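A.B. asks: Following this message is one structure expressed as structure tokens.
We did not get these values from a lab; they are worked out from the coordinates using the rules stated. So basically every Cβ, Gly included, is an ideal-geometry build from the backbone, and we count neighbours across all protein chains shown.
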Amino acid sequence: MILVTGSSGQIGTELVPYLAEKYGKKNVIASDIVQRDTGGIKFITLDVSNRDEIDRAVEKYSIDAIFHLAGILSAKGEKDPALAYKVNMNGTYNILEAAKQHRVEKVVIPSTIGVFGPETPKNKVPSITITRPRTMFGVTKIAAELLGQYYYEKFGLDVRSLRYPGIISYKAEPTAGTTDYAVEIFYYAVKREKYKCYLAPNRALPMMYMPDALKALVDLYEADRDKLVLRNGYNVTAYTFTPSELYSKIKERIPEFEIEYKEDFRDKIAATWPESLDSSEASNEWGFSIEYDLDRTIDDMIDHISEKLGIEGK
Amino acid sequence: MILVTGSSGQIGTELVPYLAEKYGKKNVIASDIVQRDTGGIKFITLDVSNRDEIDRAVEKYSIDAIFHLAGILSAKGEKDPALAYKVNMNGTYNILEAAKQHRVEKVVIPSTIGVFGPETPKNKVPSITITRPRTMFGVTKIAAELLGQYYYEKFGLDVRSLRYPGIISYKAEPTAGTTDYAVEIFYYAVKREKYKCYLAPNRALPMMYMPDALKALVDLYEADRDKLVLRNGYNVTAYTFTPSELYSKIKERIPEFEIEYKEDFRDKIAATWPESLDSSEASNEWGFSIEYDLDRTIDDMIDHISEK
Ligand SMILES: NC(=O)c1ccc[n+]([C@@H]2O[C@H](COP(=O)([O-])OP(=O)(O)OC[C@H]3O[C@@H](n4cnc5c(N)ncnc54)[C@H](O)[C@@H]3O)[C@@H](O)[C@H]2O)c1
Ligand SMILES: NC(=O)c1ccc[n+]([C@@H]2O[C@H](COP(=O)([O-])OP(=O)(O)OC[C@H]3O[C@@H](n4cnc5c(N)ncnc54)[C@H](O)[C@@H]3O)[C@@H](O)[C@H]2O)c1
Ligand SMILES: CC[C@@H](O)[C@H](N)C(=O)O
Ligand SMILES: CC[C@@H](O)[C@H](N)C(=O)O
């Protein structure tokens with residue numbers, strides 16, 4: 001039995017059916033504080049900041065594994081750091097302690113490049129490096145990585161984590177993040193509307209397409225224990241680009257659209273993160289691999305976004 | 001009005017009177033969950049894990065600055081991780097949030113070399129380095145440094161912190177801490193009793209004498225805000241030595257002294273930490289300096305432990 005926390009988010013929206021197709025709908029339980037269609041998969045309300053609720057869910061459903069996705073992202077976290085701290089910090093502690101107290105075999109946590117700060121090298125950053133985040137989001141995530149590793153070393157609980165770069169997807173619409181522009185831009189492109197980008201034209205960031213992000217998280221979950229040395233904090237990425245480069249590439253497909261740059265607080269956040277990551281450790285220790293390069297995800301996004309907005313009929 | 005949390009600990013035992021002498025008796029308030037003598041200085045019971053208690057105390061005493069010393073250390077943290085998290089993580093968050101809302105103006109937090117882990121370079125480690133702690137204590141402390149810096153950058157709360165190595169002192173009794181062997185050893189030496197050391201004979205660690213530890217904390221506190229760059233995570237140290245080296249030096253003074261090594265979980269904790277630190281940033285930004293070298297602290301300890 002697999003429990004997914006924060007299932008209604010950008011990742012959960014796709015991870016839940018992904019897990020169900022691979023392990024069976026009856027073996028997956030979706031949960032969040034906000035319910036959304038789960039395609040026939042069992043959904044339970046669960047606030048991770050409430051340890052009592054986690055205990056009850058884990059007990060009632062004999063949970064064997066937890067994909068802990070519940071949390072407040074970088075942007076939303078800066079608007080309300082107190083909320084980010086409660087949900088991210090204490091929510092993760094609750095999940096770890098609950099898993100340990102009950103007999104949950106594995107806990108998988110999606111970390112982020114948000115654990116990095118200004119002092120972290122900007123190019124091809126390895127997994128073991130400087131981690132001095134400057135956002136509440138980043139502080140809570142590096143703490144989660146450290147607590148996860150501690151729960152394994154101290155109690156033997158199988159906790160694993162990877163650090164995702166910005167994730168591009170079309171099934172769910174991201175809202176509380178900093179890398180969301182990489183998704184938003186496609187909607188404006190397909191509608192031939194001028195896009196107002198909130199990041200600097202040259203703000204380079206590591207990114208990856210949802211299909212690969214899902215495969216990576218499940219590959220880590222299924223990885224052989226004998227090769228998991230780093231265990232927590234694996235850098236993963238597919239490619240790096242700036243808003244001006246992505247715009248330029250989308251234009252090669254849809255020339256009748258434009259962009260203007262009006263930076264806000266999110267560009268200040270992105271400025272503290274590295275431009276590209278070195279994912280060699282993830283590939284060496286558990287076979288991490290990418291199937292969608294930039295060209296492929298661009299054409300795939302235009303494809304699905306067009307059908308979603310009725311540009312290309314059903 | 002300065003509030004000191006965890007005032008009954010090794011540092012607080014000496015910091016309270018130290019602050020009183022420098023800023024006046026009426027301007028210092030001692031607090032802890034365990035009350036001990038403060039020589040007339042006002043004392044109040046305060047559990048930092050309880051946000052309400054902090055809010056009330058800060059309001060009632062018009063606290064302007066806080067020296068947050070409350071916390072569970074490395075050894076006790078491994079025996080009871082949940083307690084370390086509750087006290088260290090929840091407690092520090094509560095202190096910062098309470099200080100942010102209520103009109104608190106300065107917060108000093110003693111960090112530790114415990115924020116380092118196996119991947120951290122072992123020699124002359126700079127302040128900006130790998131910080132992947134492997135103890136609950138270390139995890140809560142690196143989080144403390146990060147939250148502190150965050151509150152400063154986000155809300156303008158003047159939070160400052162330095163990373164102490166092991167601290168040697170004689171006024172407060174040791175509490176079986178990972179680095180406390182460096183204090184216990186003196187008690188056995190003065191009594192000419194064989195000492196049973198729980199750290200390996202060659203377990204090298206950075207250390208410093210309390211007089212310098214106190215001066216460093218206050219120097220950091222007094223530094224002009226807009227002149228601190230690093231602000232949180234300042235590596236500070238006086239010297240590096242192993243148990244066998246300290247033993248050998250003590251023996252030069254008390255030749256009858258003997259020692260045996262029975263390493264336990266505390267040696268495993270120590271093994272994940274660096275041997276020596278680079279403290280140039282602290283010196284350059286706020287004038288950190290050392291007045292007691294190894295020989296001087298050894299003789300000063302024997303002197304004080306003896307007359308005692
Ligand atoms: N999307 C990305 O590009 C990306 C990158 C790196 C890391 N991550 C991590 O992945 C996880 C989810 O990402 P996402 O993009 O799907 O986020 P999202 O913002 O789309 O969804 C977050 C979910 O958290 C839920 N939530 C908030 N508080 C909760 C609580 N107390 N209990 C249960 N649920 C709660 C929300 O209701 C929401 O459904 C987070 O931990 C995030 O930090 C995401
Ligand atoms: N002593 C050192 O060598 C050293 C080195 C590096 C960092 N530090 C840091 O300095 C601080 C104190 O060090 P110390 O040596 O004086 O510690 P100590 O062990 O001597 O004292 C700790 C104090 O914390 C108190 N305490 C526990 N829970 C509390 C709570 N909920 N509310 C209020 N007080 C509580 C204890 O009763 C005790 O008096 C800690 O934050 C520690 O991490 C100390
Ligand atoms: C690396 C980016 C992620 O943390 C998330 N998409 C965010 O924007 O906060
Ligand atoms: C660096 C050592 C300090 O953290 C404290 N004296 C301890 O023994 O944990």
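A.B. asks: Give me Rg over Rh for the stretch A:189-228, both radii from the alpha carbons and Rh done the Kirkwood way, two decimal places.
C.D. replies: That ratio is 1.26, to two decimals.
A.B. asks: Compute the helix-to-body angle for A:91-101: its Cα long axis versus the longest principal axis of chain A, expressed 0 to 90° and rounded to tens.
C.D. replies: Result, in degrees: 30.
A.B. asks: Still on this structure: What is the Cα convex hull volume of the stretch A:1-151 when expressed per residue in Å³?
C.D. replies: 115
A.B. asks: Follow-up. Roughly how far apart, in whole Å, are the Cα centres of the stretch A:147-161 and the stretch A:176-213?
C.D. replies: The distance from the Cα centre of the stretch A:147-161 to that of the stretch A:176-213 comes to 34 Å.
A.B. asks: For a quick check, take a GNM of chain B with Cα springs below 10 Å and name the residue from B:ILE254, B:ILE29, B:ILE168 with the largest mean-square fluctuation.
C.D. replies: Highest fluctuation of the listed residues: B:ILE254.
A.B. asks: Here's something else I'd like to know. Mind pulling the angle between the C-alpha long axis of helix A:12-23 and the longest principal axis of chain A? Nearest 10 degrees, somewhere in 0 to 90.
C.D. replies: 60
A.B. asks: Would you be so kind as to identify which of A:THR272, B:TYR18, A:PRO17 lies farthest towards the positive end of the dipole of the protein assembly as shown, taking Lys and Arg as +1 and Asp and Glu as -1 on Cβ and the Cα centre as origin?
C.D. replies: Going by the Cα projections, it comes out as A:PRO17.
A.B. asks: Can you tell me, using C-alpha contacts under 8 Å and at least 6 residues apart, the relative contact order of chain A as a whole percent?
C.D. replies: Computed over chain A, the figure is 18 percent.
A.B. asks: Sorted from largest to smallest, which semi-axis lengths in Å does the alpha carbon gyration tensor of the stretch B:155-250 give for its equivalent ellipsoid, taking the root of 5 times each eigenvalue? Mind showing how you got there, number by number?
C.D. replies: Details: eigenvalues 207, 35, 23 Å².
Its equivalent ellipsoid spans semi-axes of 32, 13, 11 Å.
A.B. asks: Through the Karplus equation 6.51 cos²θ - 1.76 cosθ + 1.60, θ set to phi - 60°, convert the phi angles of the stretch B:71-78 into ³J(HN,Hα) values in whole Hz; use x for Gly and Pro.
C.D. replies: x, 9, 8, 3, 4, 4, x, 6
A.B. asks: State, as an integer percentage, the relative contact order of the stretch B:197-290 based on alpha-carbon contacts under 8 Å between residues 6 or more apart.
C.D. replies: Averaging sequence separation for qualifying contacts and normalising by length gives 54 percent for the stretch B:197-290.
A.B. asks: Provide the three semi-axes, in whole Å and in decreasing order, of the ellipsoid equivalent to chain A as defined by the square roots of 5 times the Cα gyration tensor eigenvalues.
C.D. replies: Semi-axes, largest first: 31, 22, 18 Å.
A.B. asks: Could I ask something else about it? Per-residue ellipticity at 222 nm for the protein assembly as shown, helices alone: DSSP H runs ≥ 4 residues times -39500 (n - 2.57), over residue total, nearest 500 deg cm²/dmol?
C.D. replies: -12000 deg cm²/dmol
A.B. asks: Okay, next question. What does the charge dipole of chain B about its Cα centre add up to, to the nearest 20 debye, if the Cβ of each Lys and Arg holds +1 and the Cβ of each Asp and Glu holds -1?
C.D. replies: Approximately 560 debye in magnitude.
A.B. asks: What percentage of all Cα-Cα pairs in the stretch B:95-134 are separated by more than 11 Å?
C.D. replies: 71
A.B. asks: Still on this structure: Starting from 0 in steps of 20 Å, tell me what percent of the Cα-Cα pairs of the protein assembly as shown lands in each bin.
C.D. replies: 19, 48, 27, 6, 0
A.B. asks: Return the long-range amide H neighbours of B:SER31 (sequence gap of 5 or more, or a different chain), with a cut-off of under 5 Å between placed amide H atoms.
C.D. replies: B:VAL4, B:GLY6, B:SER7, B:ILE44
A.B. asks: Further question: Measure nothing but the geometry: give the 0 to 90° angle between the long axis through the Cα atoms of A:294-308 and the longest principal axis through the Cα atoms of chain A, rounded to 10°.
C.D. replies: Around 90 degrees separate the two axes.
A.B. asks: Starting at the first residue of the stretch B:273-279, write each ³J(HN,Hα) from the Karplus equation 6.51 cos²θ - 1.76 cosθ + 1.60 with θ = phi - 60°, in whole Hz, x for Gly and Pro.
C.D. replies: In residue order, the calculated couplings are 9, x, 8, 9, 10, 9, 10 Hz.
A.B. asks: With springs only between Cα atoms under 10 Å apart, run a GNM on chain B and tell me which of B:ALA70, B:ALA30, B:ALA143 wobbles the most.
C.D. replies: B:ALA143
A.B. asks: Starting from the coordinates of the alpha-carbon atoms of the stretch A:103-179, obtain the Kirkwood hydrodynamic radius over all distinct pairs and give the value in Å to one decimal.
C.D. replies: This gives a value of 13.9 Å.
A.B. asks: Continuing with this model, one more query. Which one of B:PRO110, A:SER74, B:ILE2 has its Cα pushed farthest toward the positive end of the charge dipole of the protein assembly as shown, where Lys and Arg give +1 and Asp and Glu give -1 at the Cβ?
C.D. replies: B:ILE2
A.B. asks: Just to be sure I understand: with springs between alpha-carbon atoms less than 10 Å apart, which residue in B:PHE155, B:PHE67, B:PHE241 has the highest mean-square fluctuation in the Gaussian network model of chain B?
C.D. replies: Of B:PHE155, B:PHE67, B:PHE241, the most mobile in the Gaussian network model is B:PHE155.
A.B. asks: By the gyration tensor of its Cα atoms, with a ≥ b ≥ c the square roots of the eigenvalues, what is the shape of the stretch A:260-314: rounded for a/c under 1.5, prolate for a/b over b/c, or oblate?
C.D. replies: Working: a/c = 3.64, a/b = 1.20, b/c = 3.03.
Oblate is the answer for the stretch A:260-314, as a/c is 1.5 or above yet b/c matches or exceeds a/b.
A.B. asks: Here is a further query. If you take each beta carbon of peptide A:132-141 and count the beta carbons of other chains within 10 angstrom, what is the mean?
C.D. replies: 4
A.B. asks: Could you give the distance between the Cα centres of the stretch B:258-286 and the stretch B:34-107, to the whole Å?
C.D. replies: Centre-to-centre (Cα) distance: 26 Å.
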